[PDB]
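A short write-up of the structure that comes next.
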Amino acid sequence: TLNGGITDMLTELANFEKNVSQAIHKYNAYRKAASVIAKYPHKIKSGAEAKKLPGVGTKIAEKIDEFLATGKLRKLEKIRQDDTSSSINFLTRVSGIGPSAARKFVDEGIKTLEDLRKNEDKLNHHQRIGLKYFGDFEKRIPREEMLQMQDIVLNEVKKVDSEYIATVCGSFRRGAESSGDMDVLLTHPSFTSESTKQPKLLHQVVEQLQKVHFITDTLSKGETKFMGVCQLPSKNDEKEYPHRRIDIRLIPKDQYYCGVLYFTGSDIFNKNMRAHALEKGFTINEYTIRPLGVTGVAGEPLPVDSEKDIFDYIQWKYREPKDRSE
DNA sequence: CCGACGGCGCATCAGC
DNA sequence: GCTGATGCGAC
DNA sequence: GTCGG
Ligand SMILES: Nc1ccn([C@H]2C[C@H](O)[C@@H](COP(=O)(O)OP(=O)(O)CP(=O)(O)O)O2)c(=O)n1
Ligand SMILES: [Cl-]
Ligand SMILES: [Cl-]
Ligand SMILES: [Mg+2]
Ligand SMILES: [Mg+2]
Ligand code: NA
Ligand code: NA
């Protein structure tokens, strides 16, 4: 928050370009600029000063000058006034409504929360759950509740099969004092890059968490990724905890370190690291790190025995999770 | 210039 | 039914 | 919107 006013402005610009303009690269540019400015340890006094940071160019520098002089950006003031932009921006805050659906709903006269509730028949399953928990999903999760949630998931996972390992990643693993959701990496030795020796490995864990009423709703579910809703249990006479988003990713056990690197993030950190890998002649996904031939086609997976190995391949100093909140 | 911009799982739909 | 393109996802 | 070559 040293430069909170500027990073707020760029984040709002990013959301506009994403949600309304459907200009994903402009969205990514604004987020990169906000990220590099957020970690800049001086209170910025001019666009010129910010234009020294990689990712801040001529246009954003101009916007920082307008913002530092007036406290505001006319481009954003009129965006907030535009009814279509405001409606599209709002609707995309419902889980399952993306830019395209939001604009299509706006065309059909569906523009408000009350509009959405009247038109549940027009919503797919994901969207209906996002509407149902609209208020809950915008609340953050205190780290203390993340600790209680972790304890349930790991213990319940242990009850299904003592050989599962569940690791909470995302902002939690980066040490955040609050999280937007809970992200769980799951491994089991029967599932490796060589073979799947046991079916329903993710299903059995989802079922156990549903059985004890931790998982309450499913947004999407396949063999390796679960996206849904969970809730802490409350004591007698206690108000209920909000419902929370939970994501679970089942990763081949021999590919744990690439998987935990990916699932720890942040997303911008992953983008930065993967772009640098490319510049160094490697490609990184949640499973492997592979070299790029002269062709550009990926080669064979390189041996990985820690997170640090992946950093070493691309000639980066190791960064602890807490230092990856870009 | 101007081409690139990380990478992929699940849901839903068009076309066969 | 399958394959491939698209939306969505913090995207 | 920004960057590299
Ligand atoms: N566009 C994306 C989105 C996500 N990811 C990866 C990194 C996330 O940490 C990780 C979890 O994805 P996430 O959306 O849960 O992001 P968090 O860092 O946990 C921030 P939160 O506390 O949830 O509000 O998945 C990514 O690589 N690329
Ligand atoms: Cl774009
Ligand atoms: Cl791979
Ligand atoms: Mg998260
Ligand atoms: Mg998540
Ligand atoms: Na710059
Ligand atoms: Na949404």
Side-chain angles (χ1 to χ4, degrees), chain A residues 9-11 13-19 21-37 47 50-64 75 91-105 123-130 137-138 140 169-171 174 176 179-181 183 185-186 202 206 218-228 245-252 255 258-259 261-263 265-280 282-290 292 296 298 310 314 325-326:
Chain A
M9 163 190 81
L10 298 169
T11 296
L13 285 162
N15 289 331
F16 172 76
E17 298 304 347
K18 175 171 58 82
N19 296 330
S21 308
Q22 290 180 143
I24 55 98
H25 297 289
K26 290 198 185 181
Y27 163 84
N28 291 326
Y30 281 121
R31 280 209 58 207
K32 173 184 275 193
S35 183
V36 68
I37 288 173
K51 196 191 181 298
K52 292 178 187 309
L53 304 179
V56 178
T58 296
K59 305 289 290 288
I60 291 187
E62 269 180 20
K63 286 180 172 65
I64 288 168
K75 179 183 171 82
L91 292 180
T92 59
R93 298 164 57 192
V94 180
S95 184
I97 307 183
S100 177
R103 179 175 293 278
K104 177 161 196 312
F105 284 141
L123 303 190
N124 67 36
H125 178 63
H126 188 145
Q127 292 163 346
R128 277 165 81 148
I129 305 307
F137 290 173
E138 281 203 343
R140 291 204 80 75
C169 306
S171 60
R174 303 198 311 270
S179 295
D181 71 354
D183 311 297
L185 194 164
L186 189 65
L202 185 54
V206 169
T218 292
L219 295 179
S220 59
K221 179 172 177 301
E223 298 292 325
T224 62
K225 180 167 80 151
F226 175 82
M227 184 173 326
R245 278 279 288 104
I246 176 164
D247 296 321
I248 306 169
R249 197 68 188 273
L250 171 71
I251 292 291
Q255 288 173 336
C258 285
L261 175 70
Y262 157 78
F263 221 20
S266 66
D267 63 337
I268 284 176
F269 171 82
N270 289 347
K271 297 193 156 225
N272 290 337
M273 175 166 196
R274 278 164 192 208
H276 182 76
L278 291 176
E279 296 172 19
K280 292 296 187 169
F282 305 81
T283 179
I284 301 169
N285 62 18
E286 66 264 56
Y287 309 113
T288 63
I289 176 174
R290 306 165 182 251
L292 295 180
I310 312 166
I314 70 183
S325 301
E326 304 188 342

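Numbered from 1 within each chain, the chains take letters A, B, ... in sequence-line order. Just so you know, these numbers use all the heavy atoms, side chains as well, and skip hydrogens, waters and symmetry mates.
With respect to A:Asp247 and A:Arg249, no salt bridge is recorded, no charged nitrogen being found less than 4.0 Å from a carboxylate O.
When the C1' atom of C:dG9 is taken as reference, atom CZ of A:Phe263 falls 11 Å away, rounded to whole Å. With rounding to whole Å, A:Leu219 atom CG is found 11 Å from B:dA11 atom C1'. When the P atom of B:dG9 is taken as reference, atom CD1 of A:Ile248 falls 17 Å away, rounded to whole Å. In this entry the distance linking NZ of A:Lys32 with P of D:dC3 reads 8 Å, nearest Å. Atom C1' of nucleotide B:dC5 and atom CE of A:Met273 are separated by 18 Å, given to the nearest angstrom.
Residue A:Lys59 places at least one side-chain N or O under 4.0 Å from the OP1 or OP2 atom of D:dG1. Contact check, A:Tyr30 against C:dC11: no side-chain N or O comes under 4.0 Å of OP1 or OP2. Remark: A:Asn28 is not in phosphate contact with B:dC5, judged by side-chain N or O atoms under 4.0 Å from OP1 or OP2. Here A:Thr58 does not reach the OP1 or OP2 of D:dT2: none of its side-chain N or O atoms lies under 4.0 Å away. For C:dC11, the OP1/OP2 oxygens have a side-chain nitrogen or oxygen of A:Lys18 closer than 4.0 Å. Taking side-chain N and O atoms only, A:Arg274 has no distance below 4.0 Å to OP1 or OP2 of B:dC8. Listed pair A:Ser100 / C:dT6 fails the phosphate criterion, with no side-chain N or O lying under 4.0 Å from OP1 or OP2.
The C1' atoms of C:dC8 and B:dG7 are separated by 15 Å, rounded to the nearest whole Å. For the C1' atom pair drawn from B:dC8 and D:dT2, the interatomic distance equals 25 Å after rounding to whole Å.
Contacts of A:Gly96 with the nucleic acid, taken as non-hydrogen atoms under 4.0 Å apart, involve only primed sugar atoms and P, OP1 or OP2. When heavy atoms are screened at a 4.0 angstrom cut-off, A:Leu53 is found touching the sugar-phosphate backbone but no base atom. Using a 4.0 Å heavy-atom distance criterion, A:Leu278 is classed as a sugar-phosphate-only contact.
Both A:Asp267 and A:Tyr287 lie near DNA chain B, and the one whose nearest nucleotide falls closer to the 5' end is A:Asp267.
For DNA chain C, if you chain together Watson-Crick or G-U pairs that step i with j, i+1 with j-1 and so on, the runs of at least three with distances under 3.5 Å are B:8-16 with C:1-9.
Legend: residues meeting side-chain contact (heavy atoms from CB on, under 4.5 Å) with A:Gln22, ordered by chain and number and at least two apart, are A:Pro99, A:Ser100.
A donor N or O paired with an acceptor N or O is not found under 3.5 Å between the base of D:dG1 and the side-chain atoms of A:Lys26.
Between atom CZ of residue A:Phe263 and atom CG of residue A:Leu185 there is a gap of 7.0 Å, rounded to the nearest 0.5 Å.
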